[PDB]
C-alpha cells in the first residue's frame, strides 16, 4: 500500500560473488564516511542477495536514512558502478511532484498537450484547465510523471522553451 517498502532499496550491478555481509559492511561504511547517517551506528540492518540475477535488496533501520542512501547511485564497488533504486512497489504520496505547465496555446487539446509531456516518460496524472462553460483551454495544465525522477528532466527540458509567441513555464506546482 501507500506506506509500504519505505526502508528498502534495490541495488543492481553488484560485484560477482560478493557476500551479503561484505555488501552490508560496504554500505554501512559509506553511510558513515559520507555523513548520511542520522544517529550513531549502522543504518543498514540486512542485505538479501539474488545471486542468479545479480541484484540485492538493502534493509535500513529508518525511513530517512533509506532516502539518504539514494545518493549512492553509481558508487563504484569492487570495480562495479552500483545501480540504486527504489523498490518498484514504493510510491511517493499523490501529488508530491505535481508540475504546473503555463503559457500553452489555447487552441491545443488535451492529447496535443500531453504529447509534449509524455516525450519524457509516462504520466500518472494530467489535466488541461478549461473554461467549464465553453470547454475552451485556459492555456495551462498540471501533470505528474509515473517515474518521479522524470520530473526534473521535464522541467529542465521544457521550462522557458519558445512556443509560438510565448515562453513555456514548467515548474513544480507547489
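Numbering follows the first chain given and starts at 1.
Stretches 124-132 and 60-68 differ in mean CA B factor, with 124-132 having the higher one.
In this entry, the higher average B-factor at the C-alpha atoms falls on 92-100, of the pair 79-87 and 92-100. Looking only at 150, 14, 9, 158, the residue with the top Cα B factor in the deposited structure is 150. Residue-level inspection of the entry shows that, of 141, 33, 46, 117, 46 has the top Cα B-factor.
When the modelled residues of the chain are ordered by their C-alpha B factor, residue 112 lands in the middle third. Among all modelled residues in this chain, the alpha-carbon of residue 5 has a temperature factor (C-alpha) in the middle third.
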